[PDB]
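**Student:**
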Amino acid sequence: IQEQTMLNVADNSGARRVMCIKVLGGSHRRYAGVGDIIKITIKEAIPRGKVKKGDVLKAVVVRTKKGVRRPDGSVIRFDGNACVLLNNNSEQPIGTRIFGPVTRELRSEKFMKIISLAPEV
Amino acid sequence: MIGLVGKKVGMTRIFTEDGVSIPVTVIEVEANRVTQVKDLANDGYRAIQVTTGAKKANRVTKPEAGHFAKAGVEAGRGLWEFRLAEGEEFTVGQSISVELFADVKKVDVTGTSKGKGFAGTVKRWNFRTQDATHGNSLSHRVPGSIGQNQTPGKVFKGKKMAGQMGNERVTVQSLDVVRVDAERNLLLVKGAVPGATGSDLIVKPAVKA
Amino acid sequence: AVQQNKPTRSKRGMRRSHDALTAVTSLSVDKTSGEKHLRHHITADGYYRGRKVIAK
Amino acid sequence: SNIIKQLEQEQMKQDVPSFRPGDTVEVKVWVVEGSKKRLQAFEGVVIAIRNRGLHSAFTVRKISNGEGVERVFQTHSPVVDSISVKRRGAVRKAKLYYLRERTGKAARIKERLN
Amino acid sequence: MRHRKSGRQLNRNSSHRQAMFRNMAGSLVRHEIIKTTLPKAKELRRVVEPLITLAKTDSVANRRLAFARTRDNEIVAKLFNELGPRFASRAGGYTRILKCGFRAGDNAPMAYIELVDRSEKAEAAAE
RNA sequence: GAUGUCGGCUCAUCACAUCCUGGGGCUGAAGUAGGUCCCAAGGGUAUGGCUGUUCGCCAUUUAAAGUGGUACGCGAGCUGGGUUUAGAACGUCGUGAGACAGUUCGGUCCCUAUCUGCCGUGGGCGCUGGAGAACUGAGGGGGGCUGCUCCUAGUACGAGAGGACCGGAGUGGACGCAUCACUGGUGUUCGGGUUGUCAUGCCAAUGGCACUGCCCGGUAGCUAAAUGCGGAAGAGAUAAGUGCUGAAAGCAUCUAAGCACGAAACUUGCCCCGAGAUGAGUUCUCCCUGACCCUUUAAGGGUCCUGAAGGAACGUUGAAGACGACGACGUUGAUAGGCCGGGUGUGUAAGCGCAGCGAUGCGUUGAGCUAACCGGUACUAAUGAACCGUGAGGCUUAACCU
RNA sequence: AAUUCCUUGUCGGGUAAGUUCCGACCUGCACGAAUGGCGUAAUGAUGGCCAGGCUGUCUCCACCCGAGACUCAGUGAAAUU
RNA sequence: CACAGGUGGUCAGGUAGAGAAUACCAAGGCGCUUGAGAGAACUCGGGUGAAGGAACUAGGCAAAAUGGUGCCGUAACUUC
RNA sequence: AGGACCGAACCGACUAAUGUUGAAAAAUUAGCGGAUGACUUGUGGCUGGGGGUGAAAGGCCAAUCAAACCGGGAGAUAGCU
Ligand SMILES: [Mg+2]
Ligand SMILES: [Mg+2]
Ligand SMILES: [Mg+2]
Ligand SMILES: [Mg+2]
Ligand SMILES: [Mg+2]
Ligand SMILES: [Mg+2]
Ligand SMILES: [Mg+2]
Ligand SMILES: [Mg+2]
Ligand SMILES: [Mg+2]
Ligand SMILES: [Mg+2]
Ligand SMILES: [Mg+2]
Ligand SMILES: [Mg+2]
Ligand SMILES: [Mg+2]
Ligand SMILES: [Mg+2]
Ligand SMILES: [Mg+2]
Ligand SMILES: [Mg+2]
Ligand SMILES: [Mg+2]
Ligand SMILES: [Mg+2]
Ligand SMILES: [Mg+2]
Ligand SMILES: [Mg+2]
Ligand SMILES: [Mg+2]
Ligand SMILES: [Mg+2]
Ligand SMILES: [Mg+2]
Ligand SMILES: [Mg+2]
Ligand SMILES: [Mg+2]
Ligand SMILES: [Mg+2]
Ligand SMILES: [Mg+2]
Numbered sequence: 644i645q646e647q648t649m650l651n652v653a654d655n656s657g658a659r660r661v662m663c664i665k666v667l668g669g670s671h672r673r674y675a676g677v678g679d680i681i682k683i684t685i686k687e688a689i690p691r692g693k694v695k696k697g698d699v700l701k702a703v704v705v706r707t708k709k710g711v712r713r714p715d716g717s718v719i720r721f722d723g724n725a726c727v728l729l730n731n732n733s734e735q736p737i738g739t740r741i742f743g744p745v746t747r748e749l750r751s752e753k754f755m756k757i758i759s760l761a762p763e764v
Numbered sequence: 005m006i007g008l009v010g011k012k013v014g015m016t017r018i019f020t021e022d023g024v025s026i027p028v029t030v031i032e033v034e035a036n037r038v039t040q041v042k043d044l045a046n047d048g049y050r051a052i053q054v055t056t057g058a059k060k061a062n063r064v065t066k067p068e069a070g071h072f073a074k075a076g077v078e079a080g081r082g083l084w085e086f087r088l089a090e091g092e093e094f095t096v097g098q099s100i101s102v103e104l105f106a107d108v109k110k111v112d113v114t115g116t117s118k119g120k121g122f123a124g125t126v127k128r129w130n131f132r133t134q135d136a137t138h139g140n141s142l143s144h145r146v147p148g149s150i151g152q153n154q155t156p157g158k159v160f161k162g163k164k165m166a167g168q169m170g171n172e173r174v175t176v177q178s179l180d181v182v183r184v185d186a187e188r189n190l191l192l193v194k195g196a197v198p199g200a201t202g203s204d205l206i207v208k209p210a211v212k213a
Numbered sequence: 146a147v148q149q150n151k152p153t154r155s156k157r158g159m160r161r162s163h164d165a166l167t168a169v170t171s172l173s174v175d176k177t178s179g180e181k182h183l184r185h186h187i188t189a190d191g192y193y194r195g196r197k198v199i200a201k
Numbered sequence: 095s096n097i098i099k100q101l102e103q104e105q106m107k108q109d110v111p112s113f114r115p116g117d118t119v120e121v122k123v124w125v126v127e128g129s130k131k132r133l134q135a136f137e138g139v140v141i142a143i144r145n146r147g148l149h150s151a152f153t154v155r156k157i158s159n160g161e162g163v164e165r166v167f168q169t170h171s172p173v174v175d176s177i178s179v180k181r182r183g184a185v186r187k188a189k190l191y192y193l194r195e196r197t198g199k200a201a202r203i204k205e206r207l208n
Numbered sequence: 037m038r039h040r041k042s043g044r045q046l047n048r049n050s051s052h053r054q055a056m057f058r059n060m061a062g063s064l065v066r067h068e069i070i071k072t073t074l075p076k077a078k079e080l081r082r083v084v085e086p087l088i089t090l091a092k093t094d095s096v097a098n099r100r101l102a103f104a105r106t107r108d109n110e111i112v113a114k115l116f117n118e119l120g121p122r123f124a125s126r127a128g129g130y131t132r133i134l135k136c137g138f139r140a141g142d143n144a145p146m147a148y149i150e151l152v153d154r155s156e157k158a159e160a161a162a163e
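In the order they appear, the protein sequences are chains V, L, F, B and G. Count the first sequence with the working numbering and you get residues 644 to 764, in order. Count the second sequence with the working numbering and you get residues 5 to 213, in order. Count the third sequence with the working numbering and you get residues 146 to 201, in order. Count the fourth sequence with the working numbering and you get residues 95 to 208, in order. Count the fifth sequence with the working numbering and you get residues 37 to 163, in order.
1) Taking Cβ-Cβ distances shorter than 9 Å, what residues in chain G pair up with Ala123(L)?
2) Which same chain residues, not among the five before or five after residue 35(B), have their C-beta less than 7 Å away from its C-beta?
3) At 7 Å on the CB atoms, spell out the chain G contacts of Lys120(L), in chain order.
4) Give me the Cα-Cα distance between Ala144(G) and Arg82(G), rounded to the nearest whole angstrom.
5) Can you give me the start and stop residues for the alpha helix (DSSP H) that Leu134(G) sits inside?
6) Contact check, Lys107(B) vs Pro172(B) under 8 Å by CB: the rounded distance?
7) Against chain F, with Cβ distances strictly below 8 Å, would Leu134(G) count as a contact?
8) Can you tell me whether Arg58(G) is helix, strand or coil according to DSSP?
9) Take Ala73(L) as the anchor and find which of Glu85(L), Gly10(L) and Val38(L) has the nearest alpha-carbon.
10) Relative to ligand 2, is the shortest distance from any of its heavy atoms to the C-beta of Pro156(L) smaller than 7 Å?
11) From the DSSP output, which residues share a beta bridge with residue 2(L)?
12) For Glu161(B), count neighbouring C-beta atoms within 10 Å of its own C-beta (all shown protein chains included) and say buried if the count is 16 or more, exposed if not.
13) In angstroms, rounded to a whole number, what distance separates the CA positions of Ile199(F) and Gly191(F)?
14) Write down the C-beta distance between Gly128(B) and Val174(B) rounded to the nearest angstrom, noting that I regard them as a contact closer than 8 Å.
15) Report the neighbours of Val24(L) on chain V: residues whose CB is nearer than 7 Å to its CB, in chain order.
16) Note down, in chain order, each residue of its chain lying with its Cβ closer than 6 Å to the Cβ of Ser143(L), except the 5 sequence neighbours on either side.
17) Cβ of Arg194(F) less than 8 Å from any chain G Cβ?
18) Looking at the structure shown, is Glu646(V) part of a helix, part of a strand, or coil, going by DSSP?
19) Straight-line CA distance for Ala200(L) to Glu93(L)?
20) State yes or no: is the beta carbon of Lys197(F) nearer than 8 Å to at least one beta carbon in chain G?
21) Does the beta-carbon distance from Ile689(V) to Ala725(V) come in below 8 Å?
22) For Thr125(L), which of helix, strand or coil comes out of DSSP?
23) So what does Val96(L) bridge to, in DSSP terms?
24) Can you confirm whether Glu102(B), when its beta carbon is compared against all beta carbons of chain L, has any partner nearer than 8 Å?
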């Protein structure tokens, strides 16, 4: 969701705040949604965990404020602006477990590791 | 090549869990040929048809006489098609509200855009802006007009100078029709549809391809 | 800003080509001395069809 | 049109939710959901409620969850996201609908106001 | 450009109109016929009509409301007891707009605006 | 007797020496990717850090982040950071006043548009009797972007590594148009809460003012972040290029005759405008068939009687609108307002009763109030006429005809 | 460095990225001791840099309330030519 | 100029308040010598804004923001 | 106690918008600095032009200041327009 901006980490190893710096997916991407990969910058980290301040990786957006909605138009929306890091050249999720509820748009066979953690939809 | 009657509001049909379906439900009562244009005389092919019949007690004479066959009947508008093989009716020999479109084809709703009225370069075309740091005179509104200098400024009769938005036709083109209702003539489309309340509208066949 | 040279008279008149005039001399009276506009008679002595509060 | 245009709407949402909401009801608004490949299966959602009531698409009932993080659904009323009928929490509708408090702890809506 | 059924009009600040009509409407009941401007006239309907209509059985709850929209007991009484029932039988349409035009002071429309009245007596129904 | 500097913003328009996408030739071209040259201007062609910068370097995107012209496009359009006023200072120069193709902090950006030009939009008159309509389509414009994935096919190709062509299927980024049913924003005309205070005699209940006093929520409408659809296929003729057949030149040769392919370019296809198309076109329907006079008599000029179809005017109005214009309705009526009902939004009024010392609470009660909304209703206003527009339509010729 | 031309010096720091900034080095084009030198708590509508908060400054504008702009009646300018 | 400017001193009510602030009012004085409609672009003065939150820009300019009494508690440094 | 602190009157003018043929030949609106002091203000008086005054900007000396305004020498001179 736009450059700058501040998300969380619904997984681990070097946590907390991590700013988006680039919305990937072609020129003039305006924002990123849940399911979208994004260029992040570790801006907090924990003394431990292989991830530390200033570090630049990619990351998906598991949850966010604008809210998901489709078919009928049921709109789930959180105020929990997620993330969940992504080690660079293989887009597999970097992190043991994952915190918080996710969604069915992440239900893709591409992330997968993500939707079988934090027991929730 | 298909009736043309006013629409009225839009809805949602939720079953199997679409609900995305945003029906336009544009009633399309009787059509009635009223006139059949042909090669010799009338000019080209065509085939008039006044798909209406709104009680019009007071109407100018020529139109009131524009009808002539069996029941007579009167409407208001007056469209036509072209090549085909439609009847020789008048406002008699009804057409149908169930034109041949099978069940899963794309229609081509055509109406007159709403009317904003005079509108700035901001609303007319998404190209405009300006900031708020200084010079409030030319605030976030007025453009910076036609470039050029010594080229006297033939202004290239365009850009996008402010001017009324118009009510001009639109023709959304391509819109899968969901329902029809043979006798309770409504015919639902999928969103779009220009105009409001009950604009004439046209709803063509599928030329968009 | 300003005119670069004097507008001719053929111009000022040609600019005033919309003087416009009314007075459709439409229905004035239906029961008085010819008075009343196309809608209300002479107030305090007018009425549409009949004496409204005051007449003569 | 009086009863012949708006008529399709009135002949679609033709349900029996509960004809009355008094918040805090953690109704597993069982929503058929679906998932993919097989399994129909449905799983509801804990609740609080704030809404809207209209357009035959009473697309509402913000159900605001507390599990892990936070909130919603504008779960209208029709189709593959079904039965919401349940009522498990009582009331405390003091400011009633459009109860935007969005707070996280000792802030209760003292139900049982019966 | 264009807008659509944004019913009622502007003139001054939001409060002025909803403050002026308090003076206007209340003035109408005091008399029969008034003299304002066509625009103000047609507008004075939406305010005077519900006043005429709010009068059915008072019940205090309404004499309280009538005293609220007009804020004037002087006329609030008329609304219920005398003015009220004069039309207790008929629906709406308790206002006439008899035009005129010509202000001279500024040259704009006028219109009197009134309402049928006569005298206070009692009889038995007839027709 | 003044043509305002650089850079930025806004908004552009053209070139082609083309950055991406499209089509080809050669390659030291297996494939994939490239190298180079030809053709090609339809469309597209990045956000930031540093700096006044243009540029540049750097971070990260992208199919790509083109070169250039347009007073190094663009100040009677914005900015005023750079750079030439007056203040002050450092370094340096000078005995000094002061100075610098050095640095540094501070430092007034005017103009109501007549003409051309544009974007919109009306009034005349003309199209040869006058009207109401529906078209034809000469022309004119808009639009033309492209990613990824899967199938083909893990096949052709390859030692592996890897991995197509052609053709097809889905989903995106940016852009464009329409529209509010959904999600939402607004919603100072709807409801509520509440602070201070003045008043309505007082309690109670209400109202004015204090940014709508502060604030919560919200109808319609308008709206984007919301939703739906579009840049296509298909044709004609081509560019480069590739070719058939075949002389000049017994052969050979894509050219000399003739033929065949061939790209986002060109013509068309799609959307809009469109008969002032003065070359003023077409078709359908409606209305007017009373008397005389003076001329300088085929030119008319003029009087009375007539005035239609229609138009306009006025009024009630509108999802239409700056004003004009345009749409609906005018008693044979729903065109506005009001009124009835419903919806909706607020959130259980007022009054009364009871509990509590009281604040307050409970019951009456999901009450009270409620807009631009939906269904309906002539209660109010849309009056009977009047106005303009006529009275059977020029000559010549061709064809058809009681 | 209010003094450095070369110059965005070189190294370190802050940053995803820092021609500015802070700490060093010294090669001071062209610092330097009352045309004062180096420090300095406090003060400053003083120059430069960073952060939190905050937000329509901005992505990208939407709606709304008012004063003009538009229409009518009255009065009635301007530069320029 | 019947000009949103300038001009010394005196007086000093109620509720609220630290108050000659500020808000609503007394006594008292006024609505400011063109008005009536409309409800476009655009200009001026404001209100509210989804998600983001300085990405704007020369610079956070302008906005938005903080804001009271009492009490707890408060760093480098220091001429104490 | 204090050229002490927050802040009205009062005094002053750091910022932005508007105005720029203005309401106004320097202001209005929202902020802003001082506010017992080198303070601020009424009345009257004293310094005169190469002269005055100046916490210093060539600032101020009646909308005039690198030499005021008025009258004179005066029809200065103008190889320039
Ligand atoms: Mg200015
Ligand atoms: Mg020229
Ligand atoms: Mg309106
Ligand atoms: Mg070329
Ligand atoms: Mg750059
Ligand atoms: Mg230039
Ligand atoms: Mg300017
Ligand atoms: Mg500058
Ligand atoms: Mg100087
Ligand atoms: Mg007020
Ligand atoms: Mg340093
Ligand atoms: Mg020195
Ligand atoms: Mg010193
Ligand atoms: Mg005055
Ligand atoms: Mg916001
Ligand atoms: Mg920046
Ligand atoms: Mg920038
Ligand atoms: Mg500021
Ligand atoms: Mg503020
Ligand atoms: Mg002091
Ligand atoms: Mg001030
Ligand atoms: Mg102070
Ligand atoms: Mg004095
Ligand atoms: Mg002076
Ligand atoms: Mg002299
Ligand atoms: Mg002499
Ligand atoms: Mg002389």
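Ideal Cβ placement from N, Cα and C applies to all residues, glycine included.
**Tutor:** Reading off the structure:
1) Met37
2) Since the first and last residues shown for chain B are 95 and 208, residue 35(B) lies out of range.
3) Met37 and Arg38
4) 22 Å
5) Where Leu134(G) is concerned, there is no enclosing alpha helix (DSSP H), given that its DSSP letter is neither H nor E.
6) The beta-carbon distance between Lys107(B) and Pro172(B), rounded to whole angstroms, is 6 Å. This is short enough to meet the 8 Å contact definition.
7) yes
8) helix
9) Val38(L)
10) Yes; taking the cut-off as 7 Å, the Cβ of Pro156(L) has a heavy atom of ligand 2 nearer than that.
11) One cannot answer for residue 2(L) here, as it falls past the ends of chain L, which runs 5 to 213.
12) exposed
13) 7 Å
14) 6 Å
15) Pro714
16) none
17) no
18) coil
19) So the two alpha carbons sit approximately 31 Å from each other.
20) Yes, because at least one Cβ of chain G sits closer than 8 Å to the Cβ of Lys197(F).
21) Against a cut-off of 8 Å, the Cβ pair of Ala725(V) and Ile689(V) comes out as no contact.
22) helix
23) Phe94(L)
24) yes
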